[PDB]
Amino acid sequence: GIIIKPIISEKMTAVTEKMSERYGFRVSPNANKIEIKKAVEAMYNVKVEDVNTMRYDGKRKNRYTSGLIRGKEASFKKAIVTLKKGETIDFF
Amino acid sequence: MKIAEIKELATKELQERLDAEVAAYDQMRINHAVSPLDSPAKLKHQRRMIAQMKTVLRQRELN
RNA sequence: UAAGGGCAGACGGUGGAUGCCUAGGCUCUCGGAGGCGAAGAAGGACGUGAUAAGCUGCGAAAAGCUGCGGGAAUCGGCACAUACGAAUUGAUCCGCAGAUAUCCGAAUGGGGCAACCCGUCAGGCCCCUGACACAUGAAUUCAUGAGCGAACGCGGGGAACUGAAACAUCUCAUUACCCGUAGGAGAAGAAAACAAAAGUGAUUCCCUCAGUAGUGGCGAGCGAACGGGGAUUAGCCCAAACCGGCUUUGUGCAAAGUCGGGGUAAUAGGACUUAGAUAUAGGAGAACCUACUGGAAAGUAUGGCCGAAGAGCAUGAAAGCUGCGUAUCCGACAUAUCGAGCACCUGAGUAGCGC
RNA sequence: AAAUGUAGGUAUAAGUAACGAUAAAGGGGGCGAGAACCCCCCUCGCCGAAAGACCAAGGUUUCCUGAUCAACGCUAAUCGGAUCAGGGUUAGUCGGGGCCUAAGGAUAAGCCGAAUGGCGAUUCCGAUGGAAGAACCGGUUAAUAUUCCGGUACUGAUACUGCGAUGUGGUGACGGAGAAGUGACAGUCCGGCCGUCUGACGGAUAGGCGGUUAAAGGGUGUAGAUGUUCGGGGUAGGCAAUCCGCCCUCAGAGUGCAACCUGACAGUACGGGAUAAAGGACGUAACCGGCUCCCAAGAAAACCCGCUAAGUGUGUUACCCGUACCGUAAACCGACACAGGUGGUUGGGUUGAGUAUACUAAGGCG
Ligand SMILES: [K+]
Ligand SMILES: [K+]
Ligand SMILES: [K+]
Ligand SMILES: [K+]
Ligand SMILES: [Mg+2]
Ligand SMILES: [Mg+2]
Ligand SMILES: [Mg+2]
Ligand SMILES: [Mg+2]
Ligand SMILES: [Mg+2]
Ligand SMILES: [Mg+2]
Ligand SMILES: [Mg+2]
Ligand SMILES: [Mg+2]
Ligand SMILES: [Mg+2]
Ligand SMILES: [Mg+2]
Ligand SMILES: [Mg+2]
Ligand SMILES: [Mg+2]
Ligand SMILES: [Mg+2]
Ligand SMILES: [Mg+2]
Ligand SMILES: [Mg+2]
Ligand SMILES: [Mg+2]
Ligand SMILES: [Mg+2]
Ligand SMILES: [Mg+2]
Ligand SMILES: [Mg+2]
Ligand SMILES: [Mg+2]
Ligand SMILES: [Mg+2]
Ligand SMILES: [Mg+2]
Ligand SMILES: [Mg+2]
Ligand SMILES: [Mg+2]
Ligand SMILES: [Mg+2]
Ligand SMILES: [Mg+2]
Ligand SMILES: [Mg+2]
Ligand SMILES: [Mg+2]
Ligand SMILES: [Mg+2]
Ligand code: NA
Ligand code: NA
Ligand code: NA
Ligand code: NA
């Protein structure tokens, strides 16, 4: 369960519009770069050339009741994947 | 599927269906995030079926 | 007269008292039980949903997976809305047995600022990633232990304030507190005992004896036992004399050690001469109508009926006959529990003694 | 009904004190129900060895964008470090970590001690220090940038084209002060080249304005500096201390200067072009882990090199964590959007001995 979801954001759509081989996924926070290249290539059947990663802690969501009921979203890791020049991926 | 039909499968084939079920389950979760599916209830059903195959395959070895 | 002010009343504001109520407390009685953990605990971290902050449940098989018994139309937790599904081929739900069970933590491969970093070894994939093992200490590879946690027990240490109307002996007190370590209880326990010519015979606990005999800067204080009445009741095993074997040692003998036989005293004695029941799910379980008031009868007034059931809670007010129940009876695939003589022996740095 | 008695609520002083540095504001437009305060523009004013820029500690989403003005903001507010939602942090080389050791800590064998425990190596841990593995300039987003893109570099592994440690050596390896000579960058002035404009009033087709750029890496061995000097230890060895034959520092270290360089910034014109947009004079320790003097006499271990004992070419590839934003502060320590405190680096011009002082640019503020 490495890949959680692809990234469809304003920044990433522009990045793909310039580099057609550049895509971004959300992955399990404890997966390393070698594993991620294996997963994107064993599921989309492509040639991954480069992977960059960043770790996001979750946003705190502190509500109030009788005060300070802390909450937090789960942490995630972002992987920016570069394919072999000339290959694409279709999220539909 | 259903629990009765899963046990009917042989040991060699059950592992073949298992990897197929795990593979198709990751695509659906990715598909659901890109755009919600027609039947969201198939996510729970697929996930809880995978637990059924792991249970029966364990029973064959353990017992 | 009234810029303004005073008093009374009427109606409001604010605030949250009071009355009524309960979802939570408090003190106990009866029965059971008194642990969990290296097969990884207590307690946590991080995750887990169509949707998902927080709790709850669960653990990458992640509001859950598989059987067996129960039960019968709803169900996908608190908990809504929306959305999609499950289920009379028996879903959800309950009892029992299994499967899975990340990271930290005794934490145990080495380190470490808990929830992280770094290895050796054997296997299989491919810079990486799976799945094994690898601490220490006390016994003989194997077996064991460690840590946590109510009170009650037994041990090792051990205050002061206070009282003495000051204070040092004394008191508070062999308390508070700290540490070690058991069990369902523990400790004690079968006379080298009490008694006073009269007797009772292990230990423990209750009522008396008794605020007595004593003790004490004879101050403040401290404080028995005998005897009597109860609860409960229970008694046993070694060592030694001596005999036999075997090993060892010194030189056939003798000594030691080790197993077998002998033997266990106070009137002295000894040697020799159970399978059914219960527990953890369940099944059945009687009997009411009309009128009035009322938003609503269960109220009130008639007239019925049930009762081994007139305990209760809920229902639009206060219900034996509306519902869940109650009295009573009937039920378990699992698992859990229930002779003369003789002088040979009878525990040693012990009894006793000085400081 | 009273204990300077306790909780909750509401009064009085009172529409009073005060609204937190006397750096300062004025006008025109805009959105809007609503404007002293919000946005844009013109003018004015303050800081400028800072009140500008870059890190560390600490904080932990405050960062950007849309919606909102109940509460918060000492006023109002269409605004905000406020509420809600969405988005945003990209590394073979940077900073850590992986390696090494200091103070100290935990221990082994042992020692001590009613218990709990106290000590105790050359062992391990532990940076604020040492590493023989290595990158710098520019540009792009609303929000990241030695990380993405461009250009130009470097460092390990890996595949195809006799070795020598656990012992023991060498290295690593270290103070303070002082000035000088040589000479870059920055900066200033002079003078060409490129583009652009002709500025209230008297004068000027001669002037105003913006430019004319550069690092790591590579080369040279230049200024300058240092060197003409058979017993004591590390290499031919047995578990560092009574020997003998053998190759040297005669060259090392090193600015400046070539090259990297037909990149880049600003302004005009329309990704491309002018644009391959001369040069000087000063100034100038960044050579220097150097030189000279002095006494108070200036870490350790590992990396990297020895010794014996025991036994070039190409390609592929480089894992982990940090990276937003604040940071002489409204975001850290002070109960506060508090006149206090908070380590390191940079810090233009004129004036000056100066990093003092005064005025100003960039940038930031009223
Ligand atoms: K460990
Ligand atoms: K014996
Ligand atoms: K806005
Ligand atoms: K140029
Ligand atoms: Mg890259
Ligand atoms: Mg990174
Ligand atoms: Mg009133
Ligand atoms: Mg009340
Ligand atoms: Mg069933
Ligand atoms: Mg006294
Ligand atoms: Mg026990
Ligand atoms: Mg007992
Ligand atoms: Mg007073
Ligand atoms: Mg006054
Ligand atoms: Mg006044
Ligand atoms: Mg004040
Ligand atoms: Mg005033
Ligand atoms: Mg002010
Ligand atoms: Mg500043
Ligand atoms: Mg902001
Ligand atoms: Mg306001
Ligand atoms: Mg905001
Ligand atoms: Mg580095
Ligand atoms: Mg070390
Ligand atoms: Mg920024
Ligand atoms: Mg850059
Ligand atoms: Mg070492
Ligand atoms: Mg930054
Ligand atoms: Mg302020
Ligand atoms: Mg200071
Ligand atoms: Mg400086
Ligand atoms: Mg200056
Ligand atoms: Mg000054
Ligand atoms: Na009047
Ligand atoms: Na698994
Ligand atoms: Na029933
Ligand atoms: Na050079």
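A, B, ... follow the sequence lines: proteins, then strands. Residue 1 opens every chain. Hydrogens, waters and symmetry mates play no part in the numbers below; they use all other heavy atoms, side chains included.
Listed by chain and number, the residues in a side chain to side chain donor-acceptor pair (under 3.5 Å) with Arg29(B) are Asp26(B) (sequence neighbours excluded). Residues forming a side-chain contact (heavy atoms from CB on, under 4.5 Å) with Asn32(A) (at least two apart in sequence, or on another chain): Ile34(A), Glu35(A). By the side-chain contact (heavy atoms from CB on, under 4.5 Å) test, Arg55(A) is found to be paired with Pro29(A), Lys77(A), residues two or more places apart in sequence or in another chain being considered. Listed by chain and residue number, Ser28(A) satisfy the side chain to side chain donor-acceptor pair (under 3.5 Å) test with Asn30(A) (two or more places apart in sequence, or in another chain).
Geometry at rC293(D) and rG176(D) meets the Watson-Crick or G-U wobble definition, both required distances lying under 3.5 Å. A Watson-Crick or G-U wobble pair joins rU74(C) and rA86(C), with the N1-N3 or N1-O2 distance and the second distance both under 3.5 Å. No Watson-Crick or G-U wobble pair joins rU93(D) and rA127(D) with the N1-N3 or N1-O2 distance and the second distance both under 3.5 Å. Between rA143(D) and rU355(D), neither a Watson-Crick nor a G-U wobble pair is formed under the 3.5 Å criterion for both distances. Pairing check for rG322(D) against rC94(D): the Watson-Crick or wobble criterion is satisfied, both distances under 3.5 Å. By the Watson-Crick or G-U wobble test, with both distances required under 3.5 Å, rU314(D) and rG73(D) do not count as a base pair. Between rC154(D) and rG52(D) there is no base pair of the Watson-Crick or G-U wobble kind with both donor-acceptor distances below 3.5 Å. With the cut-off at 3.5 Å for both distances, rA327(C) forms no Watson-Crick or G-U wobble pair with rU251(C). Entry note: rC246(C) and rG147(C) fail the pairing test, Watson-Crick or G-U wobble at under 3.5 angstrom for both distances.
The closest side-chain heavy-atom distance from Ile6(B) to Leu14(B) is below 4.5 Å.
Relative orientation of the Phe25(A) and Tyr44(A) rings is tilted, given thresholds of 30° and 60° on the angle between their planes.
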Which pairs, protein N/O on one side and nucleotides 63-70 of chain D N/O on the other, fall under 3.5 Å?
none

Restricting both atoms to N or O, compile the protein contacts to nucleotides 123-130 of chain C shorter than 3.5 Å, with distance only.
residue, atom, partner, partner atom, Å
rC126(C), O2', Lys38(A), NZ, 3.0
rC128(C), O3', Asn32(A), ND2, 3.3
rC128(C), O2', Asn32(A), ND2, 3.3

Provide a list of protein-nucleic acid N or O atom pairs under 3.5 angstrom, restricted to nucleotides 46-49 of chain C.
residue, atom, partner, partner atom, Å
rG47(C), OP1, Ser75(A), N, 3.2
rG47(C), OP1, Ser75(A), OG, 3.1

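Comparing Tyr56(A) and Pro29(A) by the nucleotide of RNA chain D that holds the closest heavy atom to each, the one mapping nearer the 5' end is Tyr56(A).
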**Contact pattern, 5' to 3', of nucleotides 65-75 of chain C - B, S or - by protein heavy atom under 4.0 Å** = SSS--------
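A side chain to side chain contact (heavy atoms under 4.5 Å, CB included) with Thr55(B) holds for exactly one of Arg58(B), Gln52(B), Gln59(B); it is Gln59(B).
Distance from the side chain of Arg55(A) is smallest for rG322(D) among the nucleotides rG322(D), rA91(D), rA61(C).
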